[PDB]
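The structure file start.txt is reproduced below (compact mmCIF, C-alpha atoms).
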```txt
# COMPACT_ATOMS: atom_id res chain seq x y z
CA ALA N 1 0.00 0.00 0.00
CA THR N 2 2.96 2.29 -0.69
CA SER N 3 5.61 0.59 -2.81
CA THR N 4 5.55 -2.60 -4.88
CA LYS N 5 8.57 -2.11 -7.14
CA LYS N 6 10.97 -4.52 -5.45
CA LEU N 7 13.90 -6.14 -7.26
CA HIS N 8 14.96 -5.22 -10.79
CA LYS N 9 15.87 -7.25 -13.87
CA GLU N 10 17.29 -6.33 -17.28
CA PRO N 11 15.92 -7.58 -20.64
CA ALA N 12 17.92 -8.73 -23.66
CA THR N 13 17.70 -10.23 -27.15
CA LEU N 14 19.20 -13.40 -28.64
CA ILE N 15 22.02 -12.32 -30.94
CA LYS N 16 22.70 -15.90 -32.02
CA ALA N 17 22.06 -19.38 -30.64
CA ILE N 18 25.15 -21.41 -29.71
CA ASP N 19 24.02 -24.87 -28.61
CA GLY N 20 21.81 -25.60 -25.62
CA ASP N 21 22.60 -23.99 -22.30
CA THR N 22 24.88 -21.65 -24.24
CA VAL N 23 23.35 -18.79 -26.22
CA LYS N 24 24.43 -15.35 -27.42
CA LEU N 25 22.47 -12.49 -25.86
CA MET N 26 22.46 -8.73 -26.43
CA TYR N 27 24.16 -7.04 -23.47
CA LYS N 28 25.12 -3.37 -23.46
CA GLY N 29 24.46 -3.08 -27.18
CA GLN N 30 26.96 -5.92 -27.60
CA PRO N 31 26.78 -9.70 -28.15
CA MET N 32 27.66 -11.76 -25.09
CA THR N 33 27.71 -15.52 -24.53
CA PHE N 34 25.10 -16.52 -21.95
CA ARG N 35 24.73 -19.92 -20.31
CA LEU N 36 21.79 -21.69 -18.67
CA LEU N 37 23.07 -21.12 -15.12
CA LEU N 38 22.92 -24.12 -12.76
CA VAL N 39 21.51 -26.09 -15.71
CA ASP N 40 22.70 -29.44 -17.08
CA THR N 41 23.41 -29.79 -20.80
CA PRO N 42 23.24 -33.00 -22.90
CA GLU N 43 27.02 -32.67 -23.22
CA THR N 44 26.72 -34.21 -26.68
CA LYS N 45 28.11 -33.22 -30.08
CA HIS N 46 26.35 -34.82 -33.05
CA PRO N 47 25.57 -38.57 -32.70
CA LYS N 48 24.11 -40.60 -35.56
CA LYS N 49 20.36 -41.01 -36.09
CA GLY N 50 20.39 -43.17 -32.98
CA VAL N 51 22.23 -43.26 -29.66
CA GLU N 52 21.38 -40.77 -26.91
CA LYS N 53 17.67 -39.95 -26.85
CA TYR N 54 18.46 -36.42 -25.66
CA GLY N 55 20.45 -33.68 -27.38
CA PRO N 56 18.73 -31.83 -30.27
CA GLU N 57 15.47 -31.60 -28.33
CA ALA N 58 17.31 -30.14 -25.34
CA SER N 59 19.31 -27.64 -27.40
CA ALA N 60 16.40 -26.83 -29.71
CA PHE N 61 13.94 -26.26 -26.86
CA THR N 62 16.15 -23.66 -25.16
CA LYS N 63 16.42 -21.83 -28.48
CA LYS N 64 12.73 -22.42 -29.17
CA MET N 65 11.62 -20.44 -26.12
CA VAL N 66 14.02 -17.52 -26.60
CA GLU N 67 13.39 -17.37 -30.34
CA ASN N 68 9.62 -17.70 -29.97
CA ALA N 69 9.66 -15.22 -27.09
CA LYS N 70 9.34 -11.66 -28.38
CA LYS N 71 11.49 -10.66 -25.40
CA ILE N 72 14.26 -12.34 -23.41
CA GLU N 73 15.34 -11.63 -19.83
CA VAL N 74 18.56 -12.56 -18.03
CA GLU N 75 19.38 -12.64 -14.32
CA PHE N 76 23.01 -12.90 -13.21
CA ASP N 77 23.98 -14.64 -9.99
CA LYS N 78 25.18 -12.91 -6.81
CA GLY N 79 28.62 -14.51 -6.67
CA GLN N 80 30.83 -14.53 -9.76
CA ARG N 81 28.25 -13.91 -12.49
CA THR N 82 31.02 -14.81 -14.96
CA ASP N 83 33.27 -17.87 -15.15
CA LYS N 84 36.80 -18.12 -16.55
CA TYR N 85 35.54 -17.81 -20.11
CA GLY N 86 33.51 -14.84 -18.89
CA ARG N 87 30.37 -16.71 -19.90
CA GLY N 88 26.95 -15.43 -18.87
CA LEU N 89 25.99 -16.87 -15.49
CA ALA N 90 22.29 -16.01 -15.68
CA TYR N 91 18.90 -17.51 -16.48
CA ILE N 92 17.39 -16.84 -19.92
CA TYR N 93 13.70 -15.91 -19.92
CA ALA N 94 11.20 -16.08 -22.77
CA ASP N 95 7.94 -14.11 -22.93
CA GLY N 96 8.29 -13.55 -19.19
CA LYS N 97 9.32 -17.05 -18.13
CA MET N 98 12.79 -18.36 -17.25
CA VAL N 99 13.66 -20.84 -19.99
CA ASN N 100 16.09 -22.51 -17.58
CA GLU N 101 13.24 -23.55 -15.29
CA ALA N 102 11.46 -24.93 -18.36
CA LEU N 103 14.19 -27.39 -19.33
CA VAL N 104 14.73 -28.21 -15.67
CA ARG N 105 11.01 -28.67 -15.05
CA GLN N 106 10.44 -30.49 -18.35
CA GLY N 107 13.39 -32.87 -18.22
CA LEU N 108 15.63 -31.71 -21.06
CA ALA N 109 18.06 -30.43 -18.43
CA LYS N 110 18.68 -30.63 -14.68
CA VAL N 111 19.99 -28.54 -11.79
CA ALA N 112 23.69 -29.24 -11.20
CA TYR N 113 26.51 -27.26 -9.58
CA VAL N 114 25.02 -24.31 -7.70
CA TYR N 115 25.58 -22.57 -4.37
CA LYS N 116 26.18 -19.27 -2.57
CA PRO N 117 26.73 -16.57 -3.37
CA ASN N 118 24.82 -18.04 -6.32
CA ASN N 119 21.18 -18.73 -5.47
CA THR N 120 19.03 -16.16 -7.28
CA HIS N 121 16.61 -18.87 -8.40
CA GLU N 122 17.92 -21.73 -6.26
CA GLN N 123 14.62 -22.21 -4.42
CA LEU N 124 12.87 -21.93 -7.78
CA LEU N 125 14.96 -24.55 -9.58
CA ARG N 126 15.34 -26.63 -6.40
CA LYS N 127 11.72 -27.73 -6.77
CA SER N 128 11.62 -27.82 -10.57
CA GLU N 129 14.59 -30.20 -10.46
CA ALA N 130 13.54 -32.56 -7.65
CA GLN N 131 9.88 -32.32 -8.67
CA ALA N 132 10.48 -33.65 -12.18
CA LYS N 133 13.11 -36.05 -10.83
CA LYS N 134 10.80 -37.99 -8.51
CA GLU N 135 8.37 -38.42 -11.41
CA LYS N 136 11.06 -38.74 -14.08
CA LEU N 137 9.14 -36.54 -16.51
CA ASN N 138 10.93 -36.64 -19.88
CA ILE N 139 14.47 -37.96 -20.48
CA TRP N 140 14.77 -38.83 -16.77
```
Reformat the file's structure so that it appears as structure tokens.
Amino acid sequence: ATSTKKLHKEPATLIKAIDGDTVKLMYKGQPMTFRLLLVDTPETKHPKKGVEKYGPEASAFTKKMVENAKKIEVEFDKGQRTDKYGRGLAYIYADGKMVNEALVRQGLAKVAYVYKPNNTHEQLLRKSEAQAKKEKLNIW
């Protein structure tokens, strides 16, 4: 009943899709490499028609949301926010929804390697990960 403008995020656009968790986003009028923070990637390359049920679907999906989403949003962590390669340690949103949570909640990806000072969406992904895990949604 006085102020409801807590927090603050910054939007961005997909300059070019890399693979899955990795994607190029528009930051400061420049193209930066962003990564699906605390998200697990198929870790594949290009297997034949068979072998490994996951891969394209996981990489495509991530790009599907951002590409289909008229607007993308990224949220950097509270710790490093950038690894050795200076990658983008943030979650990529699409149409107002964090794509990371999608893959994590769907099954394409999973929550791995995450902790303070990194925990912007820990409680958010914590459930999305374990929730889909217990039921083994897709690819689990």
| query | Which protein, DNA or RNA residues have an atom at most 12 Å from (27.2, -33.4, -22.1), counting only C-alpha atoms? List them as an MDAnalysis selection string. | reply | chainID N and resid 19:21 39:47 52 54:56 58:59 108:110
| task | Fewer than 4 positions away in the same chain doesn't count, so skip those; otherwise give me all residues within 8 Å of residue 126 in chain N, counting all atoms listed in the file, as a list in words. | result |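 Once the adjacent positions are removed, what remains is residues 111, 122 and 130 of chain N.
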Generate the output file for the selected residues, C-alpha atoms, as a PDB file, keeping the file's coordinate frame.
```pdb
ATOM      1  CA  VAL N 111      19.990 -28.540 -11.790  1.00  0.00           C
ATOM      2  CA  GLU N 122      17.920 -21.730  -6.260  1.00  0.00           C
ATOM      3  CA  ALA N 130      13.540 -32.560  -7.650  1.00  0.00           C
TER       4      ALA N 130
END
```
Within 12 Å of residue 8 in chain N, counting all atoms listed in the file, which residues qualify if same-chain residues fewer than 5 places away don't, as a compact mmCIF listing (two decimals) with C-alpha atoms, keeping the file's coordinate frame?
```
# COMPACT_ATOMS: atom_id res chain seq x y z
CA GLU N 73 15.34 -11.63 -19.83
CA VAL N 74 18.56 -12.56 -18.03
CA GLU N 75 19.38 -12.64 -14.32
CA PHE N 76 23.01 -12.90 -13.21
```
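Residues in contact range of range 98-102 of chain N, defined as at most 7 Å between all atoms listed in the file, with sequence neighbours fewer than 2 positions away removed, read residues 36, 39, 62, 65, 91, 92, 93, 94, 96, 104, 105, 106, 125 and 128 of chain N.
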| request: Considering all atoms listed in the file, state which residue in the set N:17, N:72, N:66, N:124 is at the smallest distance from residue 38 in chain N. | output: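 Of all the options, N:124 lies closest to residue 38 in chain N.
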